[PDB]
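Below is one structure, written out as structure tokens; comments come after it.
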Amino acid sequence: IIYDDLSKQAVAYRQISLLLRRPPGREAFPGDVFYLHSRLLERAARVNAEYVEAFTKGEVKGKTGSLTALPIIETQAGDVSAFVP
Amino acid sequence: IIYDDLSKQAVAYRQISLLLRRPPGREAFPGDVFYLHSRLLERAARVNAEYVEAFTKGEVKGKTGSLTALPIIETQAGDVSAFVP
Amino acid sequence: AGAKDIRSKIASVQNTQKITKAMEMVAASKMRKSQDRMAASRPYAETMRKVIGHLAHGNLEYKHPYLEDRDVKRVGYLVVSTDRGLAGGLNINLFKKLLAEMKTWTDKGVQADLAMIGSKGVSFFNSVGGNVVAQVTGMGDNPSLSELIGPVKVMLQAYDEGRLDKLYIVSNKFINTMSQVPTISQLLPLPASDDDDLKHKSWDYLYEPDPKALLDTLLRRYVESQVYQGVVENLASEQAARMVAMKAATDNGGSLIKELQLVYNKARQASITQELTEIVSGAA
Amino acid sequence: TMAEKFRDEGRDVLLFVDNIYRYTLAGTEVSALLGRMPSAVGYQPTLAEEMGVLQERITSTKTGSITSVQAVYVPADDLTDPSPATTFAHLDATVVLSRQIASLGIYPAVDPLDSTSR
């Protein structure tokens with residue numbers, strides 16, 4: 001899976017969060033802008049065969065599934081030291 | 001007398017003010033923080049012998065009391081243009 | 001940090017860039033003038049070398065100590081150095097070439113003697129414990145032959161006295177405005193340098209008073225003039241090296257401004273955001 | 001919307017906006033008048049959508065097309081400021097005019113070394 005801009009997601013979430021009047025943190029971004037991306041990217045995982053069996057009710061045996069993620073981030077003036085990057 | 005880190009008394013007072021919902025000033029410090037340190041430090045003094053004799057009701061004569069203060073402050077990145085420094 | 005520090009630093013670096021660009025211009029003009037003075041020396045040395053061709057090498061020849069290839073027991077160097085810094089590596093490359101060769105010589109057990117032109121070499125070899133016997137300093141951008149008479153006199157006086165067996169000049173050679181090279185070249189004993197007077201068999205001078213007395217002063221003046229030529233080529237090479245070095249430094253400053261302005265803009269934005277969030281969330 | 005009407009006829013229209021930056025500033029002033037929390041560098045929170053809803057209507061289509069030429073002003077000469085950073089995401093080409101190329105007596109004074117097109 002390729003996420004074509006997490007920067008633009010974070011900007012949309014900043015808009016939604018400011019419209020709900022929530023106090024912003026650094027770079028006007030909300031407090032949970034880390035939890036936003038965390039609970040997303042933590043899903044790209046590889047799972048062991050026991051988890052696959054347990055999930056799919058024994059319909060599958062020995063195979064290990066995986067989801068691979070390549071999030072894209074856009075940074076201003078090559079600044080790898082900004083907040084969201 | 002050596003007040004170690006008045007820059008942490010100020011922080012505790014900021015917390016107390018914000019929990020009492022008092023209007024925050026610059027860097028969220030409450031406005032009276034100058035009065036907060038001003039009254040504390042002004043007590044460091046040398047008092048002439050007559051005030052001593054008046055206070056000790058004649059028991060001590062011809063001696064001048066004295067209180068010396070050395071507060072300590074901590075500045076981030078050498079920056080001396082902050083509110084408490 | 002904070003905008004008002006970084007803008008002050010940007011200002012100071014731009015001022016520095018003004019300074020170095022002015023120095024590049026100045027050095028670029030002085031190189032042209034110093035190379036004109038360089039080209040105003042060739043006639044004297046060239047005609048005197050033709051005369052020495054005829055008188056000394058000749059079809060008959062005159063025993064002179066400076067011509068003969070005697071045994072080497074210790075060696076003199078005349079060292080040319082700048083009087084001014086900011087020249088790039090010019091002096092240190094030159095001193096390292098000299099030190100490498102003087103090591104190679106002392107590995108045969110020969111001693112060495114140094115005569116210093118210019119103060120930079122004076123300081124360097126006082127530090128590295130070289131054997132400086134004489135020096136002249138502060139000629140600046142106005143070298144003159146009369147000032148050089150001292151040290152070259154010392155080295156000649158020591159050569160004829162047998163205290164020296166070979167004499168070198170060590171100096172930069174100007175080649176191109178973009179390329180100069182340090183060189184060590186012998187000047188006593190006098191090199192064999194063609195100038196075959198065979199063609200000039202047709203005639204011979206009336207020597208007055210006599211050929212040996214004339215030949216002695218001709219060689220003395222010729223050695224002095226080759227030392228002067230070396231000093232002027234070194235001066236022109238200094239001006240070329242300062243010009244290219246100040247060019248490099250101006251471009252370095254010009255890049256540092258690009259870095260500082262990105263830092264500055266980041267601070268500008270962060271201060272605006274933290275001011276405006278402090279005000280708005282301080283209502284209600 | 002007038003250019004969209006010409007596009008329906010199947011023409012190849014050209015739309016000039018004489019300062020997109022002032023469109024952004026008018027959005028900031030209105031957002032402050034409504035009273036919404038400031039964002040980024042004091043811009044409105046909706047900045048990246050107020051710009052997108054304009055810049056996304058000017059496209060080609062099966063029937064016709066609208067091209068657009070937009071004069072841009074960059075605050076404090078800062079190409080990282082949210083307003084330019086939001087605008088450039090939509091630009092395809094970029095022509096820079098130069099005082100020097102003009103003073104040399106050349107017109108149009110386009111700087112061929114700064115001009116670019118994706």
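Each chain in the structure tokens gets a letter, A, B and so on, in the order shown; residues start at 1 in every chain, and ligands are counted from 1 in the order they appear.
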DSSP on the backbone, alpha helix (DSSP H) only: what residues of range 90-178 of chain C does that give? Format it as number ranges by chain. C: 90-106, 119-127, 145-160
Just want the 9 Å neighbourhood of range 73-89 of chain D, counted on only C-alpha atoms, with same-chain residues fewer than 5 positions away dropped. Output as a list in words. residues 76 and 77 of chain A; 261, 262, 265, 266 and 269 of chain C; 19, 20, 21, 22, 24, 25, 40, 41, 43, 47, 48, 51, 52 and 55 of chain D
Give me a file of those residues, with N, CA, C and O atoms, as an mmCIF file, in the first residue's frame.
```
data_model
loop_
_atom_site.group_PDB
_atom_site.id
_atom_site.type_symbol
_atom_site.label_atom_id
_atom_site.label_comp_id
_atom_site.auth_asym_id
_atom_site.auth_seq_id
_atom_site.Cartn_x
_atom_site.Cartn_y
_atom_site.Cartn_z
ATOM 1 N N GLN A 76 9.623 20.875 3.194
ATOM 2 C CA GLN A 76 9.936 22.174 2.622
ATOM 3 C C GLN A 76 11.437 22.410 2.620
ATOM 4 O O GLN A 76 12.094 22.244 3.646
ATOM 5 N N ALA A 77 11.974 22.823 1.477
ATOM 6 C CA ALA A 77 13.380 23.207 1.372
ATOM 7 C C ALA A 77 14.316 22.128 1.903
ATOM 8 O O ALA A 77 15.338 22.418 2.521
ATOM 9 N N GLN C 261 19.432 32.061 5.648
ATOM 10 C CA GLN C 261 18.095 32.582 5.401
ATOM 11 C C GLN C 261 17.025 31.519 5.534
ATOM 12 O O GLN C 261 15.898 31.839 5.916
ATOM 13 N N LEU C 262 17.357 30.250 5.324
ATOM 14 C CA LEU C 262 16.371 29.223 5.613
ATOM 15 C C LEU C 262 16.158 29.087 7.107
ATOM 16 O O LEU C 262 15.011 29.005 7.575
ATOM 17 N N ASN C 265 13.980 32.126 8.112
ATOM 18 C CA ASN C 265 12.566 32.023 7.772
ATOM 19 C C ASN C 265 11.855 31.055 8.699
ATOM 20 O O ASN C 265 10.716 31.301 9.118
ATOM 21 N N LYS C 266 12.501 29.944 9.027
ATOM 22 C CA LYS C 266 11.873 29.024 9.963
ATOM 23 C C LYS C 266 11.610 29.713 11.298
ATOM 24 O O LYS C 266 10.542 29.536 11.897
ATOM 25 N N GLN C 269 8.527 32.213 11.000
ATOM 26 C CA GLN C 269 7.258 31.501 11.035
ATOM 27 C C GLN C 269 6.944 30.971 12.423
ATOM 28 O O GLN C 269 5.813 31.091 12.905
ATOM 29 N N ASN D 19 -3.681 38.462 -8.824
ATOM 30 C CA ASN D 19 -2.787 38.123 -7.723
ATOM 31 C C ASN D 19 -3.480 37.054 -6.886
ATOM 32 O O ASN D 19 -4.337 37.368 -6.064
ATOM 33 N N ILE D 20 -3.045 35.814 -7.058
ATOM 34 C CA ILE D 20 -3.585 34.726 -6.260
ATOM 35 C C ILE D 20 -3.295 34.922 -4.776
ATOM 36 O O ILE D 20 -4.086 34.516 -3.906
ATOM 37 N N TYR D 21 -2.198 35.594 -4.460
ATOM 38 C CA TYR D 21 -1.872 35.873 -3.076
ATOM 39 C C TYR D 21 -2.951 36.709 -2.419
ATOM 40 O O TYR D 21 -3.285 36.494 -1.254
ATOM 41 N N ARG D 22 -3.515 37.664 -3.145
ATOM 42 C CA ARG D 22 -4.564 38.484 -2.559
ATOM 43 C C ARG D 22 -5.849 37.700 -2.374
ATOM 44 O O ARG D 22 -6.625 37.996 -1.465
ATOM 45 N N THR D 24 -5.756 34.555 -1.368
ATOM 46 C CA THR D 24 -5.440 33.951 -0.076
ATOM 47 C C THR D 24 -5.638 34.927 1.081
ATOM 48 O O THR D 24 -6.221 34.576 2.113
ATOM 49 N N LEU D 25 -5.176 36.155 0.936
ATOM 50 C CA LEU D 25 -5.342 37.140 2.002
ATOM 51 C C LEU D 25 -6.798 37.499 2.262
ATOM 52 O O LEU D 25 -7.193 37.707 3.409
ATOM 53 N N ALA D 40 -1.171 27.605 11.079
ATOM 54 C CA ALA D 40 0.117 27.731 10.404
ATOM 55 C C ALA D 40 0.888 29.004 10.693
ATOM 56 O O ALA D 40 1.675 29.050 11.636
ATOM 57 N N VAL D 41 0.739 30.025 9.871
ATOM 58 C CA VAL D 41 1.513 31.234 10.104
ATOM 59 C C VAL D 41 0.485 32.348 10.237
ATOM 60 O O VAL D 41 0.675 33.471 9.777
ATOM 61 N N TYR D 43 -2.491 32.057 8.860
ATOM 62 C CA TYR D 43 -3.516 31.865 7.856
ATOM 63 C C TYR D 43 -4.738 31.185 8.446
ATOM 64 O O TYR D 43 -4.741 30.695 9.574
ATOM 65 N N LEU D 47 -7.031 26.950 4.487
ATOM 66 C CA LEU D 47 -6.227 27.499 3.393
ATOM 67 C C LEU D 47 -6.043 26.509 2.253
ATOM 68 O O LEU D 47 -6.291 26.831 1.082
ATOM 69 N N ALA D 48 -5.685 25.277 2.577
ATOM 70 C CA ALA D 48 -5.378 24.317 1.533
ATOM 71 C C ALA D 48 -6.610 23.828 0.806
ATOM 72 O O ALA D 48 -6.471 23.172 -0.224
ATOM 73 N N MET D 51 -7.826 27.119 -1.515
ATOM 74 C CA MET D 51 -7.038 27.186 -2.741
ATOM 75 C C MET D 51 -7.367 26.055 -3.694
ATOM 76 O O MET D 51 -7.360 26.246 -4.911
ATOM 77 N N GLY D 52 -7.675 24.882 -3.158
ATOM 78 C CA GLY D 52 -7.951 23.731 -3.996
ATOM 79 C C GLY D 52 -9.262 23.826 -4.750
ATOM 80 O O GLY D 52 -9.351 23.431 -5.909
ATOM 81 N N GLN D 55 -8.362 26.200 -7.652
ATOM 82 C CA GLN D 55 -7.423 25.706 -8.646
ATOM 83 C C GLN D 55 -7.861 24.413 -9.314
ATOM 84 O O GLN D 55 -7.322 24.056 -10.365
#
```
Residues of chain B no more than 10 Å from chain C, counting only C-alpha atoms: send them over as a tab-separated table (two decimals) with N, CA, C and O atoms, in the first residue's frame.
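What ended up in selection-v2.tsv:
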```tsv
chain	number	residue	atom	x	y	z
B	21	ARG	N	-7.75	29.01	36.30
B	21	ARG	CA	-8.34	29.67	35.13
B	21	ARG	C	-8.07	31.17	35.10
B	21	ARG	O	-8.88	31.92	34.58
B	22	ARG	N	-6.97	31.60	35.60
B	22	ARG	CA	-6.63	33.01	35.51
B	22	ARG	C	-6.07	33.36	34.13
B	22	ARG	O	-5.34	32.57	33.54
B	23	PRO	N	-6.39	34.54	33.61
B	23	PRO	CA	-6.01	34.90	32.25
B	23	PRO	C	-4.51	34.82	32.04
B	23	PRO	O	-3.74	35.50	32.74
B	24	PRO	N	-4.05	34.05	31.07
B	24	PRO	CA	-2.62	33.87	30.86
B	24	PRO	C	-2.01	35.00	30.05
B	24	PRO	O	-2.59	35.47	29.08
B	25	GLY	N	-0.80	35.40	30.44
B	25	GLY	CA	0.02	36.32	29.67
B	25	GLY	C	0.96	35.66	28.69
B	25	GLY	O	0.68	34.60	28.13
B	26	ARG	N	2.10	36.32	28.48
B	26	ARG	CA	3.14	35.81	27.60
B	26	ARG	C	3.71	34.49	28.09
B	26	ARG	O	3.92	34.29	29.28
B	27	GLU	N	3.96	33.59	27.15
B	27	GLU	CA	4.39	32.22	27.41
B	27	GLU	C	3.50	31.53	28.43
B	27	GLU	O	3.95	30.65	29.16
B	28	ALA	N	2.25	31.97	28.52
B	28	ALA	CA	1.24	31.45	29.43
B	28	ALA	C	1.56	31.71	30.89
B	28	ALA	O	0.87	31.16	31.75
B	77	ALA	N	19.08	27.93	25.84
B	77	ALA	CA	19.88	28.37	24.71
B	77	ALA	C	20.43	29.78	24.90
B	77	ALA	O	20.44	30.59	23.97
B	78	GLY	N	20.88	30.08	26.11
B	78	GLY	CA	21.47	31.38	26.36
B	78	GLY	C	20.53	32.56	26.23
B	78	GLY	O	20.94	33.71	26.37
B	79	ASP	N	19.25	32.29	25.97
B	79	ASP	CA	18.28	33.32	25.66
B	79	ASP	C	17.85	34.01	26.94
B	79	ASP	O	17.19	33.40	27.79
```
May I have the residues within 9 Å of range 33-36 of chain B as a PyMOL selection string, using only C-alpha atoms and disregarding those fewer than 5 positions away in the same chain? chain B and resi 10+13-14+84
Please dump the current selection as a PDB file, in the first residue's frame; keep N, CA, C and O atoms.
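Dumped to part.pdb:
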```
ATOM      1  N   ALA B  10       8.505  29.698  39.343  1.00  0.00           N
ATOM      2  CA  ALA B  10       7.647  30.336  38.359  1.00  0.00           C
ATOM      3  C   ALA B  10       6.798  29.313  37.632  1.00  0.00           C
ATOM      4  O   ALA B  10       5.632  29.567  37.332  1.00  0.00           O
ATOM      5  N   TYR B  13       3.978  28.118  39.868  1.00  0.00           N
ATOM      6  CA  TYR B  13       2.954  29.143  39.963  1.00  0.00           C
ATOM      7  C   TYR B  13       2.150  29.235  38.683  1.00  0.00           C
ATOM      8  O   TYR B  13       0.944  29.483  38.725  1.00  0.00           O
ATOM      9  N   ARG B  14       2.791  29.047  37.534  1.00  0.00           N
ATOM     10  CA  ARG B  14       2.038  29.004  36.290  1.00  0.00           C
ATOM     11  C   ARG B  14       1.019  27.889  36.305  1.00  0.00           C
ATOM     12  O   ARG B  14      -0.124  28.077  35.890  1.00  0.00           O
ATOM     13  N   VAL B  84      10.758  35.175  32.384  1.00  0.00           N
ATOM     14  CA  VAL B  84      11.205  35.095  33.767  1.00  0.00           C
ATOM     15  C   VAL B  84      12.634  35.603  33.902  1.00  0.00           C
ATOM     16  O   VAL B  84      12.923  36.349  34.851  1.00  0.00           O
TER      17      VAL B  84
END
```
If we count only C-alpha atoms, what is near residue 78 in chain C at a cut-off of 7 Å, once residues fewer than 3 positions away on the same chain are taken out, given as a PDB file with N, CA and C atoms, in the first residue's frame?
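Output contents, as saved in result.pdb:
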```
ATOM      1  N   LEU C 114      70.012  28.796   5.431  1.00  0.00           N
ATOM      2  CA  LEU C 114      68.868  29.482   4.858  1.00  0.00           C
ATOM      3  C   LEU C 114      69.068  30.984   4.933  1.00  0.00           C
ATOM      4  N   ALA C 115      68.766  31.662   3.834  1.00  0.00           N
ATOM      5  CA  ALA C 115      68.607  33.107   3.807  1.00  0.00           C
ATOM      6  C   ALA C 115      67.176  33.391   3.393  1.00  0.00           C
ATOM      7  N   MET C 116      66.483  34.200   4.181  1.00  0.00           N
ATOM      8  CA  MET C 116      65.040  34.351   4.078  1.00  0.00           C
ATOM      9  C   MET C 116      64.682  35.679   3.444  1.00  0.00           C
ATOM     10  N   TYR C 168      71.006  27.377  -4.028  1.00  0.00           N
ATOM     11  CA  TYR C 168      69.697  27.314  -4.656  1.00  0.00           C
ATOM     12  C   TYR C 168      68.894  28.567  -4.332  1.00  0.00           C
ATOM     13  N   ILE C 169      67.995  28.913  -5.253  1.00  0.00           N
ATOM     14  CA  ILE C 169      66.838  29.756  -4.972  1.00  0.00           C
ATOM     15  C   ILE C 169      65.586  28.893  -5.003  1.00  0.00           C
ATOM     16  N   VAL C 170      64.713  29.097  -4.020  1.00  0.00           N
ATOM     17  CA  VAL C 170      63.425  28.414  -3.930  1.00  0.00           C
ATOM     18  C   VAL C 170      62.282  29.426  -3.927  1.00  0.00           C
TER      19      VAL C 170
END
```
Could you make a table, as a Markdown table, of the residues of chain C that have an atom within 8 Å of an atom of chain D, each with its nearest atom pair and distance in Å to one decimal, counting only C-alpha atoms, in chain and number order?
```
| residue | atom | partner | partner_atom | distance |
| --- | --- | --- | --- | --- |
| C:265 | CA | D:78 | CA | 6.8 |
| C:269 | CA | D:41 | CA | 5.8 |
| C:270 | CA | D:41 | CA | 7.6 |
| C:272 | CA | D:41 | CA | 6.0 |
| C:273 | CA | D:41 | CA | 5.2 |
| C:276 | CA | D:42 | CA | 6.9 |
| C:277 | CA | D:38 | CA | 7.5 |
| C:280 | CA | D:37 | CA | 7.5 |
```
If we count only C-alpha atoms and set the cut-off at 9 Å, which residues sit around range 96-104 of chain D, ignoring sequence neighbours fewer than 6 positions away in its own chain? Please answer as a ChimeraX atom specification. /D:110-116
Taken to one decimal, the CA of residue 246 in chain C-CA of residue 10 in chain C distance is 19.1 Å
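Using only C-alpha atoms, the smallest distance between any of A:43, A:8, A:37, A:61 and chain D comes from A:8.
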Give me the residues near residue 50 in chain A as a PyMOL selection string, where near means some atom within 12 Å (using only C-alpha atoms) and where sequence neighbours in that chain fewer than 3 positions away do not count. chain A and resi 46-47+53-65
Strand (DSSP E or B) residues, from DSSP on the backbone, in range 159-233 of chain C, as a PyMOL selection string: chain C and resi 166-176+179-188
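Between CA of residue 77 in chain C and CA of residue 57 in chain C lies a distance of 25.5 Å.
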Skipping near chain neighbours, those fewer than 6 positions away, what residues fall within 12 Å of residue 3 in chain A using only C-alpha atoms, listed as number ranges by chain? A: 9, 37, 40-41, 44, 68-74
